[PDB]
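**Student:** First the structure, then my questions, so here it is.
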Amino acid sequence: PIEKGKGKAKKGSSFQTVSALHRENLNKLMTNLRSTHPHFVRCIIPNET
Amino acid sequence: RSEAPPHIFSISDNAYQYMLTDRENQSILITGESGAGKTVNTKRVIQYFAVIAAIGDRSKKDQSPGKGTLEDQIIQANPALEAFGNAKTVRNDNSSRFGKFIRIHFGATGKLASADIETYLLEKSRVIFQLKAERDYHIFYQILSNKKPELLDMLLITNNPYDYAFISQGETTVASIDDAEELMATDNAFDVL
Amino acid sequence: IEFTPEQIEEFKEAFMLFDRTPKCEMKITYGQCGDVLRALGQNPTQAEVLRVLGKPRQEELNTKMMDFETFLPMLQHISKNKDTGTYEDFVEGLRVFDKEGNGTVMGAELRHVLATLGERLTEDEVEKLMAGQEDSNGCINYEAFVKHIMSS
Amino acid sequence: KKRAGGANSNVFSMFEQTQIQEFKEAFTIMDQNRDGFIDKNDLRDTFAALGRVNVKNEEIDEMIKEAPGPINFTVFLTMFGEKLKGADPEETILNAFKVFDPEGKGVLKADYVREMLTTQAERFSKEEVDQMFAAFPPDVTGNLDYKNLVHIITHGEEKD
Amino acid sequence: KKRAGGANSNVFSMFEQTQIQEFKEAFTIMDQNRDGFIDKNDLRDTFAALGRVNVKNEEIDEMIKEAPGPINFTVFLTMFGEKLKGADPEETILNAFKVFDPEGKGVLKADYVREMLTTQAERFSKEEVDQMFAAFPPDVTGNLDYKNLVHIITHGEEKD
Amino acid sequence: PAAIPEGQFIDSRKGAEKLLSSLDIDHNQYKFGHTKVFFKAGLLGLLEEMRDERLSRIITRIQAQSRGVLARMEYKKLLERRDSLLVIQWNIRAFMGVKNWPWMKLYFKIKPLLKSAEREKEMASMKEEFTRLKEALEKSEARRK
Amino acid sequence: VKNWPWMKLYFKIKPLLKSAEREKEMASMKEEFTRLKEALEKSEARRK
C-alpha cells in the first residue's frame, strides 16, 4: 500500500520524497557493511588545476 | 607477495586470497575528494579479479581477450555505466554524476560467480542547464558524432551542431579523448552484454 | 653394485619403448629422462633428473640425446637413494591442518596446498584429483586420501 | 605362433542367427565350389574384378598371405578376424600417423612430412612424391593421413 | 585389368531376414540320399515329412521345369538367388493405413475400406471383397490395421 | 623435520611455531589468530618463494607420488610410435601401389535395415548389461532423487 | 499367391532350426536395456 509522502514504497505520492527512499536502502547497506571486512584506499588530491 | 607490492592489485590479491579461505563477507572502500580518480581505481580492483582468479586461459601471450566472458561482461558494464552516468564538472571531466555499490560474488571453488550493484543518486537536475564548463551525460555526445546518416533520420538528430538547447554554455571538450570513436566502442559493449 | 638379469630386462623394455622414431635410432631425450626413471619405479624429483644430465639444460625439449650406454650409468647411480618416503611421514604431515581433531579437509583448502609450493601441480591436475562425488560444503578425509595415493 | 600374435585382432563366435546372413545374400556374384569353397585357383580369377590393381608372379602367396588354403565355413571366421588383424590394421595402420600430434585432434603437418621423406634414414625418390602430391587429401593446412587410411573402413559408401 | 570392377549393391531388403536363410542350411534334410542332387523323389519324400499331400508329380515336375534341370546345391540356390520380385516388403504393406491421414492415430473405419476396394481403383468383386474382409480383427467398426497387415504378411503359413 | 615429528600427531596450535621458525622468520612480522593468519608486507612473500627451494621431503613427495600416479597411467604418446613408425616405412616404400587395394566399402548399406544385428557377443553381455544398469539406476536415482 | 510352388515354407516344419528362435524374446528384452542406459546417462548430469 502507498501511504504517500513520496513514491510508491516508500511511500504513496508527492511525486518524489527521494530522501525517504534514501532511508530504507541506507539501513540495508550500512548494517551489513559493518559485518563485512573493511578494505580501504584513502585517495588524496594533489591540485585543483 | 614480494613480487606483489603496493599497487591496487595487491589489496585485491590479499582480499581474494583471504576471503576464499575464510568464507566471511568483505569490502573495498575507496574515499577521496572531487576527482580522486575513484572510478578508475575500482576498475583496477576488478582488473585484478577479472584476470587472475577466474578461469581465463593465460598460457598464451595475447593482448589478452582470452575468456572468460563473465569477466568480459563485468568489465564492459563499467564503461557503459560511465557513458550514461558520468558527465563532467569544473574540476572533473569524468564526474560520475551518480553512485553505485558493488557486491562481487564468488563460487564454490575459486572463480567468479557474479555481482549485485545498486545506485544511490543521479543528477537529473542538470539536464535543463548546466553551470560552468560542465558537460551533460556522455552518452549524448557519443550518439551525436558517431551515428551514421541513416540512424540520423530515424533517431532525429540535428545535422548541424549548437542547435541542442539542453546543452548549456557550449560544446565543451575533454582533454585527450574524442566523442566519436568512444561511441562505437561502447555500442559494441552492448552487443557484448 | 651392478644390474641383475631381471633389472637389465626392465631397463631394456622401457628404453626400447622410448625410442620413438619412424626409422628408429635407439635414443632418449634428456627431458624424457624424467618419466623413464619414473616408469622404472624410482621416484625422483626433477632436481634428481637434472642432476644426472650431461647438458646443463633445464626442462626444455631438443637439447641432448642419451644412448643406453649412457642411460645405464644414469640408472646405476639413481639406485643408491634411500629417502623415498613411507606412509607415516604423510600422516604426521597432513594432521597439521586440524583445528578440532576431525581429520577432515575442506575442498578449497585441499586444492590450494597441492598447487602452491614445491614441484607443484596445476589447476588441471587438481580437477583430476577431485571430481566428486556427492559431498557438499565440502569435506574429504586424510586417511582414505593418502592410502589411495600409495595404492595407485 | 606366439609372435604371430602381434597387435590387431578381434574374436567372434560360430553362430550368426541373422548377422553374417549377408554372405548367403552376396554368394551368387562370386562363387567357386558351391559346396562352400573358395580355393587356391579362385584368387587368380575373381580378384581381377574386386581390386583396383593387380597380381604379379612376384607377390603371389603374399597377395594371398592371409588365406593360402581351405577356407571352409569353420575357417571363414578366421579370415574375418584377419580383417581386424590383416597386415597391421587399425592399431598400427591408423595409429601410425595419428600418434604424431602433441595436442589432440591433429593432422599430419605436410611440409615436415616432405622433410622426413627425403631425410630420415632411407632417402626416397621424386616419382613417389609427385603422385602423392596430386593425391594428398589436405583438409586445410595439414595432411589428413587418418582418412587417407580410414577411407577403407567407417560406414558411408559401397563401391568396391 | 584394374578396370573391371563390381560396384553398387544394396537397394532395399533383398534377401529378407525372415525367409531366405532357413533354406540353404535346410538342404541336408531335402537332399535325402545325400548327393546334393535333389531328384523328384527327394522332393517326394520330404513333403511327405512336411504334411498330408504334397503336390502331384506333374505339379513338382513343373517346378523342376522352372529350373534348367539338375536341382543340386549349385542350381537350387542360384534359381532362388535372382527371384526377389513378387511380394512387397513388410514396411510398405504395413504403412498403408498408417499413412491414412496427416493426423493422427486412432483407428480406420471398415466402412471406408469397404467403400474404396469396391469403387476407387481396380473394382474387386462381391466375392473377392467379403472373403478377404471376413478375417478381420474389428475392434468396434475400425480395423486393427497393423494386425490385419500381419495376417497378410508375417511368419506363418507352410507348406509351400 | 628436526623439530616436529608427524604421523602420530601433535597439537593443533603448538605445531605452527616450529613450522614458522624453521626458516627463521622475523618474530614481529607475523601473528597468530584463530582461523585467519596475519602477515606484514615484505617479510612474507620472498620467504614464501624460498619455500619451493627448501620444501623437499613430504611436500614434494606428495606431488611427486601424484606425478608417479599420473605418469604410470598416462605417459602414452611415444609408446606405440616405434612399431607403427617402422610399418609406416613398410608402406612408404610402396606408395605408388597403395591406392590399388582390396578392402574398401562393399559391406555397408544393408546395416540400417536389419533388426537385431550384433547378437551373440552382446547376448553373452546381455544379462550383466541388464542387471548392472538397473543396479546403477537404483543408486543413480534415490539420492538427488 | 496362396497356391504357389516355391515360397510359403515358413513354420510347419522349418522351426526345427534356429534363426527365428530368439527374435521376439529380444524385442521384449531390448526395450529394458535401452531405457536403463538412457536414464543412466541423463540422471547424474541432472543432479549436477
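By order of appearance in the C-alpha cells: chains A, B, ..., then residues from 1 within every chain, and ligands from 1 in the order shown.
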Output as a list in words all residues of chain A that backbone DSSP marks as strand (DSSP E or B).
**Tutor:**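 Everything in chain A that counts as strand (DSSP E or B) is residues 37, 40, 41 and 42 of chain A.
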**Student:** Let's have the selection written as a compact mmCIF listing (two decimals), in the first residue's frame, with N, CA and C atoms.
**Tutor:**
# COMPACT_ATOMS: atom_id res chain seq x y z
N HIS A 37 34.36 -7.34 6.40
CA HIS A 37 35.78 -6.95 6.48
C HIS A 37 36.03 -5.67 5.69
N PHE A 40 40.41 -0.70 2.48
CA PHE A 40 40.31 0.74 2.24
C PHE A 40 41.47 1.29 1.41
N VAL A 41 41.13 2.31 0.63
CA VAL A 41 42.12 3.14 -0.06
C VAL A 41 41.67 4.60 0.07
N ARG A 42 42.54 5.38 0.70
CA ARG A 42 42.28 6.78 1.07
C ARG A 42 42.96 7.72 0.05
**Student:** Once the least-squares fit of chain E onto chain D is done over all Cα atoms matched in order, how many Å of RMSD are left?
**Tutor:**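 Across the paired C-alpha atoms, the RMSD reaches 8.0 Å.
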**Student:** Within 12 Å of chain D, which residues of chain E come that close, and what is the closest atom pair and distance in Å for each? Count only C-alpha atoms and give it as JSON lines.
**Tutor:**
{"residue": "E:1", "atom": "CA", "partner": "D:48", "partner_atom": "CA", "distance": 6.5}
{"residue": "E:2", "atom": "CA", "partner": "D:52", "partner_atom": "CA", "distance": 4.6}
{"residue": "E:3", "atom": "CA", "partner": "D:52", "partner_atom": "CA", "distance": 7.0}
{"residue": "E:4", "atom": "CA", "partner": "D:49", "partner_atom": "CA", "distance": 4.9}
{"residue": "E:5", "atom": "CA", "partner": "D:49", "partner_atom": "CA", "distance": 4.5}
{"residue": "E:6", "atom": "CA", "partner": "D:49", "partner_atom": "CA", "distance": 6.3}
{"residue": "E:7", "atom": "CA", "partner": "D:159", "partner_atom": "CA", "distance": 4.2}
{"residue": "E:8", "atom": "CA", "partner": "D:159", "partner_atom": "CA", "distance": 5.1}
{"residue": "E:9", "atom": "CA", "partner": "D:158", "partner_atom": "CA", "distance": 7.4}
{"residue": "E:10", "atom": "CA", "partner": "D:158", "partner_atom": "CA", "distance": 8.5}
{"residue": "E:11", "atom": "CA", "partner": "D:158", "partner_atom": "CA", "distance": 11.3}
{"residue": "E:13", "atom": "CA", "partner": "D:25", "partner_atom": "CA", "distance": 10.4}
{"residue": "E:14", "atom": "CA", "partner": "D:25", "partner_atom": "CA", "distance": 7.9}
{"residue": "E:15", "atom": "CA", "partner": "D:25", "partner_atom": "CA", "distance": 5.9}
{"residue": "E:16", "atom": "CA", "partner": "D:25", "partner_atom": "CA", "distance": 9.2}
{"residue": "E:17", "atom": "CA", "partner": "D:18", "partner_atom": "CA", "distance": 6.5}
{"residue": "E:18", "atom": "CA", "partner": "D:18", "partner_atom": "CA", "distance": 8.7}
{"residue": "E:19", "atom": "CA", "partner": "D:18", "partner_atom": "CA", "distance": 10.9}
{"residue": "E:20", "atom": "CA", "partner": "D:25", "partner_atom": "CA", "distance": 8.3}
{"residue": "E:21", "atom": "CA", "partner": "D:21", "partner_atom": "CA", "distance": 6.9}
{"residue": "E:22", "atom": "CA", "partner": "D:17", "partner_atom": "CA", "distance": 10.0}
{"residue": "E:23", "atom": "CA", "partner": "D:24", "partner_atom": "CA", "distance": 10.5}
{"residue": "E:24", "atom": "CA", "partner": "D:24", "partner_atom": "CA", "distance": 8.3}
{"residue": "E:25", "atom": "CA", "partner": "D:24", "partner_atom": "CA", "distance": 10.3}
{"residue": "E:27", "atom": "CA", "partner": "D:35", "partner_atom": "CA", "distance": 11.1}
{"residue": "E:28", "atom": "CA", "partner": "D:35", "partner_atom": "CA", "distance": 11.6}
{"residue": "E:35", "atom": "CA", "partner": "D:35", "partner_atom": "CA", "distance": 11.1}
{"residue": "E:36", "atom": "CA", "partner": "D:35", "partner_atom": "CA", "distance": 8.7}
{"residue": "E:37", "atom": "CA", "partner": "D:35", "partner_atom": "CA", "distance": 11.7}
{"residue": "E:72", "atom": "CA", "partner": "D:34", "partner_atom": "CA", "distance": 9.6}
{"residue": "E:73", "atom": "CA", "partner": "D:34", "partner_atom": "CA", "distance": 6.5}
{"residue": "E:74", "atom": "CA", "partner": "D:34", "partner_atom": "CA", "distance": 5.3}
{"residue": "E:75", "atom": "CA", "partner": "D:34", "partner_atom": "CA", "distance": 9.0}
{"residue": "E:76", "atom": "CA", "partner": "D:34", "partner_atom": "CA", "distance": 10.5}
{"residue": "E:77", "atom": "CA", "partner": "D:28", "partner_atom": "CA", "distance": 8.3}
{"residue": "E:78", "atom": "CA", "partner": "D:28", "partner_atom": "CA", "distance": 6.5}
{"residue": "E:79", "atom": "CA", "partner": "D:28", "partner_atom": "CA", "distance": 10.0}
{"residue": "E:80", "atom": "CA", "partner": "D:28", "partner_atom": "CA", "distance": 9.9}
{"residue": "E:81", "atom": "CA", "partner": "D:28", "partner_atom": "CA", "distance": 6.7}
{"residue": "E:82", "atom": "CA", "partner": "D:28", "partner_atom": "CA", "distance": 8.7}
{"residue": "E:83", "atom": "CA", "partner": "D:25", "partner_atom": "CA", "distance": 11.9}
{"residue": "E:84", "atom": "CA", "partner": "D:25", "partner_atom": "CA", "distance": 11.3}
**Student:** Between B:190, B:162, B:9, B:141, which one has atoms that come closest to chain A, using only C-alpha atoms?
**Tutor:**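 Between B:190, B:162, B:9, B:141, the residue approaching chain A most closely is B:9.
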**Student:** Which residues of chain C sit at most 9 Å from chain F, using only C-alpha atoms? Give each one's shortest atom pair and distance in Å (one decimal place), in chain and ascending residue order, as a Markdown table.
**Tutor:**
| residue | atom | partner | partner_atom | distance |
| --- | --- | --- | --- | --- |
| C:16 | CA | F:82 | CA | 8.5 |
| C:17 | CA | F:79 | CA | 5.6 |
| C:18 | CA | F:78 | CA | 6.1 |
| C:19 | CA | F:82 | CA | 6.3 |
| C:20 | CA | F:82 | CA | 4.8 |
| C:21 | CA | F:82 | CA | 5.5 |
| C:22 | CA | F:85 | CA | 3.7 |
| C:23 | CA | F:86 | CA | 5.9 |
| C:24 | CA | F:82 | CA | 6.6 |
| C:35 | CA | F:71 | CA | 6.7 |
| C:38 | CA | F:68 | CA | 6.2 |
| C:39 | CA | F:72 | CA | 6.1 |
| C:41 | CA | F:68 | CA | 8.5 |
| C:43 | CA | F:68 | CA | 7.1 |
| C:44 | CA | F:64 | CA | 7.3 |
| C:45 | CA | F:64 | CA | 6.8 |
| C:83 | CA | F:57 | CA | 8.3 |
| C:84 | CA | F:61 | CA | 8.0 |
| C:85 | CA | F:61 | CA | 7.3 |
| C:87 | CA | F:7 | CA | 8.2 |
| C:88 | CA | F:7 | CA | 4.8 |
| C:89 | CA | F:7 | CA | 5.6 |
| C:90 | CA | F:58 | CA | 6.4 |
| C:91 | CA | F:7 | CA | 4.2 |
| C:92 | CA | F:6 | CA | 2.8 |
| C:93 | CA | F:6 | CA | 5.2 |
| C:94 | CA | F:6 | CA | 8.1 |
| C:95 | CA | F:9 | CA | 6.5 |
| C:96 | CA | F:12 | CA | 6.5 |
| C:97 | CA | F:12 | CA | 7.6 |
| C:98 | CA | F:12 | CA | 5.8 |
| C:99 | CA | F:12 | CA | 5.2 |
| C:100 | CA | F:12 | CA | 7.4 |
| C:101 | CA | F:12 | CA | 7.8 |
| C:113 | CA | F:59 | CA | 8.9 |
| C:114 | CA | F:63 | CA | 7.0 |
| C:116 | CA | F:52 | CA | 8.6 |
| C:117 | CA | F:52 | CA | 5.2 |
| C:118 | CA | F:52 | CA | 4.6 |
| C:119 | CA | F:60 | CA | 6.1 |
| C:120 | CA | F:63 | CA | 6.2 |
| C:121 | CA | F:63 | CA | 6.7 |
| C:125 | CA | F:70 | CA | 9.0 |
| C:129 | CA | F:66 | CA | 9.0 |
| C:146 | CA | F:62 | CA | 8.9 |
| C:149 | CA | F:66 | CA | 7.2 |
| C:150 | CA | F:65 | CA | 7.7 |
| C:152 | CA | F:69 | CA | 5.9 |
**Student:** Write the selection just made, keeping N, CA and C atoms, as a tab-separated table (two decimals), in the first residue's frame?
**Tutor:**
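What ended up in part24.tsv:
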chain	number	residue	atom	x	y	z
C	16	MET	N	63.53	-49.31	-24.99
C	16	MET	CA	63.09	-49.69	-26.34
C	16	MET	C	61.73	-49.06	-26.68
C	17	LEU	N	60.87	-48.94	-25.67
C	17	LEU	CA	59.60	-48.22	-25.80
C	17	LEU	C	59.80	-46.73	-26.13
C	18	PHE	N	60.80	-46.14	-25.47
C	18	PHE	CA	61.04	-44.69	-25.55
C	18	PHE	C	61.58	-44.27	-26.90
C	19	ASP	N	62.26	-45.21	-27.57
C	19	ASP	CA	62.71	-45.00	-28.95
C	19	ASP	C	61.49	-44.82	-29.88
C	20	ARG	N	61.13	-43.55	-30.05
C	20	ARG	CA	60.00	-43.14	-30.90
C	20	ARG	C	60.53	-42.47	-32.17
C	21	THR	N	60.65	-43.30	-33.20
C	21	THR	CA	61.21	-42.81	-34.48
C	21	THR	C	60.62	-43.66	-35.61
C	22	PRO	N	60.31	-43.02	-36.75
C	22	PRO	CA	59.81	-43.73	-37.95
C	22	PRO	C	60.83	-44.73	-38.49
C	23	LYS	N	62.11	-44.38	-38.33
C	23	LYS	CA	63.23	-45.25	-38.73
C	23	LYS	C	64.04	-45.73	-37.52
C	24	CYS	N	63.57	-45.40	-36.31
C	24	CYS	CA	64.25	-45.78	-35.06
C	24	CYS	C	65.69	-45.23	-35.03
C	35	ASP	N	60.32	-39.12	-16.83
C	35	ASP	CA	59.28	-40.17	-16.79
C	35	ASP	C	59.79	-41.59	-17.06
C	38	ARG	N	60.88	-42.84	-13.74
C	38	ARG	CA	59.60	-42.94	-13.01
C	38	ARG	C	58.90	-44.27	-13.32
C	39	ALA	N	58.78	-44.57	-14.61
C	39	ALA	CA	58.23	-45.86	-15.09
C	39	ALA	C	59.09	-47.04	-14.65
C	41	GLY	N	60.40	-47.20	-11.82
C	41	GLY	CA	59.95	-47.44	-10.44
C	41	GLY	C	60.60	-46.49	-9.43
C	43	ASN	N	61.39	-43.13	-7.77
C	43	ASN	CA	60.63	-41.88	-7.60
C	43	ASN	C	61.54	-40.69	-7.32
C	44	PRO	N	61.87	-39.93	-8.39
C	44	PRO	CA	62.75	-38.78	-8.28
C	44	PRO	C	62.04	-37.42	-8.41
C	45	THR	N	62.69	-36.41	-7.82
C	45	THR	CA	62.39	-35.00	-8.12
C	45	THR	C	63.01	-34.66	-9.48
C	83	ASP	N	66.12	-42.18	0.96
C	83	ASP	CA	64.93	-41.40	1.32
C	83	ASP	C	63.91	-41.32	0.18
C	84	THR	N	62.98	-42.27	0.22
C	84	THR	CA	61.90	-42.36	-0.77
C	84	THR	C	60.56	-41.92	-0.17
C	85	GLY	N	60.40	-42.21	1.13
C	85	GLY	CA	59.17	-41.89	1.87
C	85	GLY	C	58.37	-43.16	2.20
C	87	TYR	N	54.40	-44.08	4.59
C	87	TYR	CA	53.03	-43.56	4.77
C	87	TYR	C	52.96	-42.58	5.94
C	88	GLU	N	53.63	-42.97	7.02
C	88	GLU	CA	53.50	-42.30	8.32
C	88	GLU	C	54.12	-40.90	8.41
C	89	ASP	N	55.03	-40.59	7.50
C	89	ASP	CA	55.54	-39.21	7.35
C	89	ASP	C	54.38	-38.29	6.94
C	90	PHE	N	53.64	-38.78	5.95
C	90	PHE	CA	52.49	-38.10	5.33
C	90	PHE	C	51.31	-37.95	6.29
C	91	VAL	N	51.11	-38.95	7.15
C	91	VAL	CA	50.06	-38.90	8.19
C	91	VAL	C	50.36	-37.77	9.18
C	92	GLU	N	51.61	-37.75	9.67
C	92	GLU	CA	52.09	-36.71	10.59
C	92	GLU	C	51.94	-35.31	10.00
C	93	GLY	N	52.32	-35.26	8.72
C	93	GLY	CA	52.31	-34.03	7.91
C	93	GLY	C	50.90	-33.47	7.74
C	94	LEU	N	50.02	-34.30	7.18
C	94	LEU	CA	48.64	-33.90	6.88
C	94	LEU	C	47.73	-33.64	8.08
C	95	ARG	N	48.13	-34.16	9.24
C	95	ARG	CA	47.41	-33.90	10.50
C	95	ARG	C	47.45	-32.44	10.95
C	96	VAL	N	48.49	-31.72	10.51
C	96	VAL	CA	48.77	-30.33	10.93
C	96	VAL	C	47.60	-29.37	10.61
C	97	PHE	N	46.86	-29.68	9.55
C	97	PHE	CA	45.69	-28.89	9.13
C	97	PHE	C	44.66	-28.72	10.26
C	98	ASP	N	44.52	-29.77	11.07
C	98	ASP	CA	43.47	-29.86	12.09
C	98	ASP	C	43.43	-28.65	13.04
C	99	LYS	N	42.22	-28.43	13.52
C	99	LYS	CA	41.82	-27.32	14.40
C	99	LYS	C	40.93	-27.83	15.56
C	100	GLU	N	40.20	-28.92	15.29
C	100	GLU	CA	39.24	-29.50	16.25
C	100	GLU	C	39.30	-31.03	16.41
C	101	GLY	N	40.35	-31.65	15.87
C	101	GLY	CA	40.55	-33.11	15.92
C	101	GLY	C	39.48	-33.90	15.14
C	113	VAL	N	46.87	-26.31	-1.29
C	113	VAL	CA	48.13	-26.91	-0.81
C	113	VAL	C	48.87	-27.71	-1.89
C	114	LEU	N	48.11	-28.25	-2.84
C	114	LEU	CA	48.67	-29.02	-3.97
C	114	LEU	C	49.38	-28.13	-5.00
C	116	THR	N	50.66	-24.84	-4.64
C	116	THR	CA	51.46	-23.66	-4.26
C	116	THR	C	52.97	-23.80	-4.17
C	117	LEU	N	53.43	-24.71	-3.32
C	117	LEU	CA	54.86	-24.87	-3.04
C	117	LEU	C	55.35	-26.25	-3.48
C	118	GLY	N	56.55	-26.25	-4.07
C	118	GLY	CA	57.23	-27.50	-4.48
C	118	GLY	C	57.41	-27.57	-6.00
C	119	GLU	N	57.43	-28.80	-6.51
C	119	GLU	CA	57.42	-29.05	-7.97
C	119	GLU	C	56.05	-28.66	-8.55
C	120	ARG	N	55.04	-28.82	-7.69
C	120	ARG	CA	53.67	-28.30	-7.88
C	120	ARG	C	52.87	-29.00	-8.98
C	121	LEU	N	51.58	-29.01	-8.71
C	121	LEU	CA	50.55	-29.49	-9.65
C	121	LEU	C	49.85	-28.27	-10.24
C	125	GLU	N	45.38	-30.65	-12.97
C	125	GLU	CA	45.63	-31.86	-12.15
C	125	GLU	C	44.79	-31.89	-10.88
C	129	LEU	N	42.30	-34.71	-9.63
C	129	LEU	CA	42.39	-35.24	-8.26
C	129	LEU	C	41.03	-35.29	-7.55
C	146	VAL	N	45.37	-40.57	1.56
C	146	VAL	CA	46.79	-40.98	1.46
C	146	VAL	C	46.91	-42.43	0.97
C	149	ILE	N	46.51	-42.87	-2.67
C	149	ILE	CA	47.71	-42.37	-3.36
C	149	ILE	C	48.76	-43.48	-3.46
C	150	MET	N	49.06	-44.07	-2.31
C	150	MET	CA	50.03	-45.17	-2.23
C	150	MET	C	49.57	-46.43	-2.96
C	152	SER	N	47.85	-46.50	-5.64
C	152	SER	CA	47.98	-46.19	-7.08
C	152	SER	C	46.60	-46.20	-7.79
